[PDB]
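Novice: Below is one structure. I have some questions about it.
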Amino acid sequence: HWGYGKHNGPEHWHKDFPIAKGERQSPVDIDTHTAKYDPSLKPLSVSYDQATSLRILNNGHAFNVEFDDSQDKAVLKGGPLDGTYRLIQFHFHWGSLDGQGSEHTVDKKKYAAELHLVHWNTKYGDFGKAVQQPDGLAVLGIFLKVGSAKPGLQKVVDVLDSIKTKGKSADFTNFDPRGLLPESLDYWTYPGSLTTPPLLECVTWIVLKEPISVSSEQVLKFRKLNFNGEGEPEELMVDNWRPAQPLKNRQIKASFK
Ligand SMILES: NS(=O)(=O)c1nc2ccccc2[nH]1
Ligand SMILES: [Zn+2]
């Protein structure tokens with residue numbers, strides 16, 4: 001149905017998903033001068049010691065690294081959140097070239113890519129119930145810039161040749177998502193939405209200020225994936241990002257001065 005092309009891309013999504021033009025859509029531009037430091041925000045708690053990765057899937061839009069979320073093994077708490085959010089998957093958005101790819105922007109700056117660690121509020125029992133609630137998800141967003149390689153990303157890039165096309169998956173056990181984090185957990189936070197259909201308005205966004213660096217070779221390998229299925233005309237999986245949406249009646253808070 002939807003995708004990232006001229007005929008089925010973000011400017012078309014509202015026809016099937018009218019909430020695309022809602023009051024709390026993501027991503028947004030983060031204006032660093034306007035975001036207010038909120039000394040009442042807590043440090044984030046990222047508890048991934050017990051994370052259990054299982055599988056990696058090309059879903060025709062991005063690739064998802066999936067976790068066992070059947071118990072509290074990898075959780076996000078604290079920061080602007082009440083309660084416990086279980087890691088279910090992470091994925092990335094990236095560009096055809098290094099000057100674009102991120103969904104959030106910072107003073108209109110686009111990064112080469114953006115990692116989203118998606119977590120759901122355990123008070124709602126399962127992910128499908130959580131996405132129906134305004135506090136159902138917390139997505140931790142991390143920007144990628146191109147420079148030095150990120151050692152903890154190389155196991156993901158190494159497997160991508162085995163999931164080149166839509167619907168392919170590969171065993172992906174024992175991957176430690178702690179190796180994707182930057183040093184600082186300073187962040188911005190605001191209420192928003194999933195950035196792909198169904199675009200539901202159920203996310204507390206937590207976007208880290210410090211980007212991680214990845215190498216040119218690492219991001220080149222992302223761009224060799226395919227949106228299409230096996231044997232279909234090749235369409236490189238590039239520019240799978242939604243542009244910034246109107247901020248409307250929202251405030252972006254900073255955890256840091
Ligand atoms: N790009 S995202 O907002 O992190 C996101 N996670 C998602 C999980 C399921 C369906 C749509 C999604 N969109
Ligand atoms: Zn995403």
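Within each chain, counting starts at residue 1; across the structure tokens, chains are named A, B, ... in the order shown, with ligands numbered 1 upward in that order.
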Could you tell me, counting only C-alpha atoms and all ligand atoms, which protein and nucleic acid residues lie no more than 8 Å from ligand 1, written as a list in words?
Specialist: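 Checking only C-alpha atoms and all ligand atoms against ligand 1 at 8 Å gives residues 26, 89, 90, 91, 92, 93, 116, 117, 118, 139, 193, 194, 195, 196, 197, 198, 199, 200 and 203 of chain A.
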Novice: Can I get the selection written as a PDB file, in the first residue's frame, with N, CA, C and O atoms?
Specialist:
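As a result, result_18.pdb now contains:
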```pdb
ATOM      1  N   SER A  26       4.514  13.062  14.216  1.00  0.00           N
ATOM      2  CA  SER A  26       5.976  13.035  14.242  1.00  0.00           C
ATOM      3  C   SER A  26       6.484  12.615  12.872  1.00  0.00           C
ATOM      4  O   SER A  26       5.737  12.002  12.104  1.00  0.00           O
ATOM      5  N   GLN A  89      11.443  -3.683  19.399  1.00  0.00           N
ATOM      6  CA  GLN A  89      12.270  -3.761  18.154  1.00  0.00           C
ATOM      7  C   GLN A  89      12.983  -2.470  18.008  1.00  0.00           C
ATOM      8  O   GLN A  89      12.606  -1.498  18.621  1.00  0.00           O
ATOM      9  N   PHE A  90      14.057  -2.504  17.234  1.00  0.00           N
ATOM     10  CA  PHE A  90      14.615  -1.251  16.699  1.00  0.00           C
ATOM     11  C   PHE A  90      14.779  -1.318  15.223  1.00  0.00           C
ATOM     12  O   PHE A  90      14.817  -2.359  14.632  1.00  0.00           O
ATOM     13  N   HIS A  91      14.840  -0.133  14.618  1.00  0.00           N
ATOM     14  CA  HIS A  91      15.039   0.007  13.189  1.00  0.00           C
ATOM     15  C   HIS A  91      15.641   1.392  12.937  1.00  0.00           C
ATOM     16  O   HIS A  91      15.827   2.215  13.870  1.00  0.00           O
ATOM     17  N   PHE A  92      15.919   1.646  11.663  1.00  0.00           N
ATOM     18  CA  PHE A  92      16.517   2.922  11.238  1.00  0.00           C
ATOM     19  C   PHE A  92      15.748   3.510  10.090  1.00  0.00           C
ATOM     20  O   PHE A  92      14.947   2.859   9.406  1.00  0.00           O
ATOM     21  N   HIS A  93      15.976   4.809   9.934  1.00  0.00           N
ATOM     22  CA  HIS A  93      15.553   5.548   8.725  1.00  0.00           C
ATOM     23  C   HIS A  93      16.804   6.159   8.147  1.00  0.00           C
ATOM     24  O   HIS A  93      17.651   6.666   8.929  1.00  0.00           O
ATOM     25  N   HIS A 116      15.564   4.226  15.871  1.00  0.00           N
ATOM     26  CA  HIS A 116      14.400   4.247  16.739  1.00  0.00           C
ATOM     27  C   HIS A 116      14.357   2.874  17.465  1.00  0.00           C
ATOM     28  O   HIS A 116      14.184   1.775  16.860  1.00  0.00           O
ATOM     29  N   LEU A 117      14.456   2.986  18.798  1.00  0.00           N
ATOM     30  CA  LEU A 117      14.304   1.868  19.762  1.00  0.00           C
ATOM     31  C   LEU A 117      12.881   1.986  20.281  1.00  0.00           C
ATOM     32  O   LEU A 117      12.557   2.961  20.987  1.00  0.00           O
ATOM     33  N   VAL A 118      12.029   1.026  19.886  1.00  0.00           N
ATOM     34  CA  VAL A 118      10.586   1.190  20.148  1.00  0.00           C
ATOM     35  C   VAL A 118      10.180   0.367  21.374  1.00  0.00           C
ATOM     36  O   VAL A 118      10.513  -0.871  21.436  1.00  0.00           O
ATOM     37  N   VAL A 139       9.519   5.905  22.252  1.00  0.00           N
ATOM     38  CA  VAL A 139      10.484   5.612  21.209  1.00  0.00           C
ATOM     39  C   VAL A 139      11.726   6.489  21.517  1.00  0.00           C
ATOM     40  O   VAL A 139      11.634   7.712  21.680  1.00  0.00           O
ATOM     41  N   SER A 193       3.829  10.747  17.588  1.00  0.00           N
ATOM     42  CA  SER A 193       3.133   9.626  16.918  1.00  0.00           C
ATOM     43  C   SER A 193       4.134   8.633  16.322  1.00  0.00           C
ATOM     44  O   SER A 193       5.347   8.923  16.211  1.00  0.00           O
ATOM     45  N   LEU A 194       3.613   7.509  15.867  1.00  0.00           N
ATOM     46  CA  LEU A 194       4.418   6.637  14.968  1.00  0.00           C
ATOM     47  C   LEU A 194       4.678   7.432  13.734  1.00  0.00           C
ATOM     48  O   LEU A 194       3.786   8.221  13.253  1.00  0.00           O
ATOM     49  N   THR A 195       5.855   7.207  13.132  1.00  0.00           N
ATOM     50  CA  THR A 195       6.194   7.953  11.909  1.00  0.00           C
ATOM     51  C   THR A 195       5.938   7.209  10.664  1.00  0.00           C
ATOM     52  O   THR A 195       6.229   7.755   9.562  1.00  0.00           O
ATOM     53  N   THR A 196       5.429   5.985  10.799  1.00  0.00           N
ATOM     54  CA  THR A 196       4.909   5.287   9.623  1.00  0.00           C
ATOM     55  C   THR A 196       3.460   4.947   9.869  1.00  0.00           C
ATOM     56  O   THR A 196       3.061   4.792  11.046  1.00  0.00           O
ATOM     57  N   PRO A 197       2.702   4.654   8.787  1.00  0.00           N
ATOM     58  CA  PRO A 197       1.356   4.134   9.039  1.00  0.00           C
ATOM     59  C   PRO A 197       1.374   2.943  10.056  1.00  0.00           C
ATOM     60  O   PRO A 197       2.266   2.021   9.993  1.00  0.00           O
ATOM     61  N   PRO A 198       0.432   2.897  11.018  1.00  0.00           N
ATOM     62  CA  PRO A 198      -0.824   3.666  11.035  1.00  0.00           C
ATOM     63  C   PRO A 198      -0.729   5.067  11.678  1.00  0.00           C
ATOM     64  O   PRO A 198      -1.811   5.718  11.858  1.00  0.00           O
ATOM     65  N   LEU A 199       0.506   5.561  11.947  1.00  0.00           N
ATOM     66  CA  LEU A 199       0.662   6.977  12.323  1.00  0.00           C
ATOM     67  C   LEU A 199      -0.045   7.347  13.661  1.00  0.00           C
ATOM     68  O   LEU A 199      -0.346   8.501  13.962  1.00  0.00           O
ATOM     69  N   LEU A 200      -0.274   6.305  14.465  1.00  0.00           N
ATOM     70  CA  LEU A 200      -1.056   6.498  15.703  1.00  0.00           C
ATOM     71  C   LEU A 200      -0.383   7.443  16.708  1.00  0.00           C
ATOM     72  O   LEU A 200       0.899   7.422  16.905  1.00  0.00           O
ATOM     73  N   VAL A 203       2.860   7.988  21.116  1.00  0.00           N
ATOM     74  CA  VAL A 203       4.315   7.929  21.464  1.00  0.00           C
ATOM     75  C   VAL A 203       4.803   9.104  22.310  1.00  0.00           C
ATOM     76  O   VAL A 203       4.581  10.284  21.998  1.00  0.00           O
TER      77      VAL A 203
END
```
Novice: List the neighbours of residue A:113 out to 10 Å using only C-alpha atoms; skip same-chain residues closer than 6 positions along the sequence, and give me the result as a list in words.
Specialist: residues 92, 93, 94, 95, 96, 97, 98, 99, 100, 101, 102, 103, 104, 142, 143, 144, 145, 146, 211, 212, 214, 219, 222, 239, 240 and 241 of chain A
Novice: Next, the residues of the selection above should be written as an mmCIF file, in the first residue's frame with C-alpha atoms.
Specialist:
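Here's the written file selection34.cif:
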```cif
data_model
loop_
_atom_site.group_PDB
_atom_site.id
_atom_site.type_symbol
_atom_site.label_atom_id
_atom_site.label_comp_id
_atom_site.auth_asym_id
_atom_site.auth_seq_id
_atom_site.Cartn_x
_atom_site.Cartn_y
_atom_site.Cartn_z
ATOM 1 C CA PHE A 92 16.517 2.922 11.238
ATOM 2 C CA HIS A 93 15.553 5.548 8.725
ATOM 3 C CA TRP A 94 18.237 6.672 6.221
ATOM 4 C CA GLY A 95 18.947 8.656 3.095
ATOM 5 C CA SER A 96 20.225 8.140 -0.430
ATOM 6 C CA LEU A 97 23.138 10.452 0.490
ATOM 7 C CA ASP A 98 24.636 11.642 3.861
ATOM 8 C CA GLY A 99 22.802 15.051 3.818
ATOM 9 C CA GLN A 100 19.427 13.517 4.567
ATOM 10 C CA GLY A 101 17.883 10.440 6.192
ATOM 11 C CA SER A 102 16.832 11.426 9.747
ATOM 12 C CA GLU A 103 13.167 12.068 10.534
ATOM 13 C CA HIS A 104 13.695 14.483 13.424
ATOM 14 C CA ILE A 142 19.282 8.490 18.162
ATOM 15 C CA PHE A 143 20.870 10.393 15.288
ATOM 16 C CA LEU A 144 23.585 8.929 13.076
ATOM 17 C CA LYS A 145 26.324 11.017 11.476
ATOM 18 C CA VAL A 146 28.943 9.676 9.120
ATOM 19 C CA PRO A 211 24.532 11.491 17.711
ATOM 20 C CA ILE A 212 26.480 8.312 17.188
ATOM 21 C CA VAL A 214 28.879 5.417 11.774
ATOM 22 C CA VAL A 219 25.628 3.358 5.817
ATOM 23 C CA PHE A 222 22.075 0.032 4.493
ATOM 24 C CA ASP A 239 15.033 7.728 1.783
ATOM 25 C CA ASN A 240 12.694 5.825 4.000
ATOM 26 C CA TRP A 241 12.087 8.820 6.224
#
```
Novice: Kindly give the distance, in Å, that separates atom CA of residue A:57 and atom CA of residue A:138, rounded to a single decimal.
Specialist: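 Taking atom CA of residue A:57 as the start and atom CA of residue A:138 as the end point, the length is 21.1 Å.
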Novice: Residues near residue A:35, anyone? I mean within 9 Å using only C-alpha atoms, not counting same-chain ones fewer than 4 positions away, as a count of residues only.
Specialist: 7
Novice: Could you please write out, as a ChimeraX atom specification, every residue of stretch 5-220 of chain A that DSSP assigns to helix (DSSP H, G or I)?
Specialist: /A:13-16,18-21,122-124,127-130,151-163,177-180,216-220
Novice: Stretch 224-238 of chain A: which residues within 10 Å, counting only C-alpha atoms, same-chain residues fewer than 5 positions away excluded, as a PyMOL selection string?
Specialist: chain A and resi 3-5+58-63+93-97+101+160-168+219
